[PDB]
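For reference, the structure is listed below as structure tokens.
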């Protein structure tokens, strides 16, 4: 089966230039059909362009006229692209696709790369802010109460969060990150437990941030 | 450019059922379309191209139809394997756009949320900004209406809403509303509340507290 | 007929697919009365009485060309099609049916799914669909996969946009070389 693989996650800064790249796995090279597309986080897919993996043809999109370029390397048979004059709106996931294979060319996307993450930001790596989320006996609902571990003002994606290092698995809830006006990321993780063993047991969140190498644990005080 | 809108934006279903999808084009198309499936946290699947053809490697449920303008997607029975969005793509002409997005969920009873509130911790109070959490757990369907009432007054702009995405077996929804403010705000307002109206609830429900 | 005639799409003149449509009632009377095909060029046989005429096996070379390259294909007259893409031998005993198909073929900005040999390395042979787009080597500089001086990639984008004139538009052509009658009872 034809497969497409590419580079990893990748964090740039307004005004800079960026290069993503994917290697192909093709039974044939019959004017292969490298054809890039884009995906702004959870909104319309908007189309990138197509290079002619056959020889050299470089047809591009209108909205990205004049700032995006693509080529390919033959004996590596990979395809590369620039992407220039980056801006904040530019943050997205980036897809290789194509691979018509049987016929010479198409205009549909039948062999996708499983995705590249590009984040255009102006801030820098920063450790995660962490606070507990202590419930109250006022809201004892069926003998069960919620409890959490807030992370604020962190960069960049993401922050793996567990509870007591995998000791708890029931009712686990980890909400997705959200932008703030400051350009910073924030997450709220919560879980509910029977209130019967509230003041008799121990629950600690375990937050993990590799880009800053920080590992933070905080006991919650009800 | 080629215009593309798709109806409805969201739909409902249950396992072992048929779900219709309609892709609407403003302007004439000659069977120039593909249907894609999109799982969360994923790279897309194609399963219809050309508005009719069924590409290999797929379950036989899938079937496109339509030509001209109205385009339709069909599946006979509903596997769990069908729970994702679905996109339509034109390729009649230049720059090729996509649709809006059409997801199915999992239907059941109109479960009701559990409401909770978390006041700011101290350490947040000597950070310099204040955060207040209102939580809704296990409500159905996602659709919900949350408000803030501070000192018996509505608040706007300063609140953010973050919704989890439906559970695989819990098959429900959870939501967090965060109210953020500056310390000058915190002590000159003295009582706080979050209110939620939901379809499952008999009445709109308010929850609240004061300074400690 | 309609299946191998006006379909959803067709092929290019470098990879024309000859479909053996035989052992059935060959109703060419309905094709003649429909007259939805600009050209009928029945060379070798009569196209009006082709329905009753009983052959043993019929073909259907399916490909698209330009309105200027629809004349190129001819039993005898050679050119970019009848000497490099689709060669029509002088023993042609069938019917070349041609009609414009911009609606279900021409994509705006030029058809990229259709590519035709502008410079085939060697001369094409009678009734041959050369699929190898080897870079033409012009005397010196052997272009065995190499590009640049004296190197000309044969397969060239078939410019087919609906904005293009009839002379540069996809002419769906299914030629039925005869080597399958009407009622016969």
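Shown for chain C, in order and in Swiss-Prot numbering: 338-516, 524-529.
Positions of Cβ are set from backbone N, Cα and C atoms, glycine also.
Cβ neighbour count for residue C:343 (N-linked glycosylation site) (all protein chains, 10 Å cutoff from its Cβ): 18. The N-linked glycosylation site annotation in Swiss-Prot covers C:343.
The disulfide bond annotation in Swiss-Prot covers C:379-C:432 (among others). The Cβ of residue C:379 (disulfide bond) lies under 8 Å from the Cβ of C:387, C:431, C:432, C:433, each of these being in the same chain and 6 or more residues away along the sequence. According to DSSP, residue C:379 (disulfide bond) is assigned to a strand segment.
As annotated by Swiss-Prot, disulfide bond applies to C:391-C:525 (among others). When other Cβ atoms within 10 Å of the Cβ of residue C:391 (disulfide bond) are tallied across all protein chains shown, the result is 10.
According to Swiss-Prot, the feature region 'Receptor-binding motif' maps to C:437-508, an assignment based on similarity to another entry.
Positions annotated as region 'Immunodominant HLA epitope recognized by the CD8+' by Swiss-Prot, on the basis of experimental evidence: C:448-456. Counting residue by residue with DSSP, the region 'Immunodominant HLA epitope recognized by the CD8+' (C:448-456) contains 0 helix, 3 strand, 6 coil.
Swiss-Prot lists C:455-490 with the feature region 'Disordered', giving a curator's inference as the kind of evidence.
Look at Swiss-Prot and you will find C:480-C:488 (among others) tagged as disulfide bond, backed by experimental evidence. Neighbour list (residue C:480 (disulfide bond), Cβ cut-off 8 Å, at least 6 residues apart, same chain): C:471, C:472, C:473, C:474, C:487, C:488, C:489.
It is C:432 that, of the disulfide-bonded residues C:432, C:488, C:525, has its Cβ surrounded by the most other Cβ atoms within 10 Å.
Residue C:525 (disulfide bond) and residue C:343 (N-linked glycosylation site) are 22 Å apart (CA-CA, integer value).
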